[PDB]
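In structure tokens, one chain follows: the form deposited in one PDB entry.
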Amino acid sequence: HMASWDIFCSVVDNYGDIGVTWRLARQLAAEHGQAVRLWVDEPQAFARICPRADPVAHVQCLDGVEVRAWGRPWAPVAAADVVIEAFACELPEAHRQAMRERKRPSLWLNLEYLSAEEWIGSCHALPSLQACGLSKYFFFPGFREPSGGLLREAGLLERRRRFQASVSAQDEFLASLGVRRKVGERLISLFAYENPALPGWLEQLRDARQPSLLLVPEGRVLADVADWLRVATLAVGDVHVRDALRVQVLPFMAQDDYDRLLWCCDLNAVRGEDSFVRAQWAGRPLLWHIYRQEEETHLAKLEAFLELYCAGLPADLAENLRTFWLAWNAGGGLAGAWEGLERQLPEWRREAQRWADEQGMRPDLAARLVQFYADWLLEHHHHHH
């Protein structure tokens, strides 16, 4: 059996929305043998998370996914069995006509942003009748049931465990990036936005008794790192030493290589949606920088995740983790919040592995999506399940 899938992605900003839809598109084609067309309105954003891509090509097949440019004006084509509107990006007019014209009209899904709030359970899989007659279904990724789950490839944790149990595989990957760990040096990856709390944290890493290696992929936070280092230029391959802190700049690497980087580090500073979850699959301590929103509505998503993630932690670790995460997202941290958290990183690592294993036994999002279409198809013909 093979169904066809349309996935529409409007790169509003950054690389998370194309990062998530690309990850889903690959999984649908590789693990489920589905026919997948991914529509992106900005090919240059997709080309940086998938270096094999050609930005000027109007159509190309990568990892079994037909990646097509979302054109203006929109070239009319036939609609697939399932049309995934990612993050309410609005489908083309003529494509909704093509969805409605089919003998079996397309299943219309709206892929929502991931949230840990409890209320998304009451809205997951909710149908909404549109004016044209078709219904749209809201799909909420989640950390608890009911929800749409989390993106996770098949055998992901099995590969991660073998990678982290092999000193040679970790050193071999870091050597490809030009990274050489020192004995006793803690490894921290930095992926965030502009953050006024960064200099306060880099000062504590500098003055610490134990040394740290700060690996910074090229991106937004690099100007802040360069400002703290009192340097004008910060290029890929540069290394600067500030007492106990080694800062090394990494390239913006392929998505799967970013996973291996997350797997090497003892603490991963991540952000947004995809890298926030990928750091959890790494089974390592992490730091989440969520971008500020209207008023302060990003505070709700942060506290919702903190309540769930800290539920299994010891009181001391949970309290220090909370205060640090809030300060890291407050645009102005706390001068001593790192000392209390650094001393508990070995125990935090153990709890992060338990968190990954327990989340890893929930069915993945791509499987629930494929199962949603199966139950929806059988129901459409009033058949049993």
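Rigid core here is just the name for the largest C-alpha set that superposes within 1.5 Å across the two forms. Just count from 1 along the sequence shown to find any residue number. Shifts are known only where both forms have a C-alpha.
What comes next is about the form deposited in another entry, which does not appear here.
Annotation: the position in 335, 57, 61, 330 displaced by at least 2 Å at CA between this form and the one not shown, with the core superposed, corresponds to 335. After superposition on the rigid core, the Cα atom of residue 169 is displaced by less than 2 Å between this form and the one not shown. A displacement of less than 2 angstroms separates the C-alpha positions of residue 311 between this form and the one not shown, with the rigid core held in common. Here residue 155 does not count as shifted, since its C-alpha moves by less than 2 Å between this form and the one not shown after the core is aligned. In sequence order, 131-133, 331-336 are the runs of at least 3 residues present in both forms whose Cα atoms shift by 2 Å or more between this form and the one not shown once the core is superposed.
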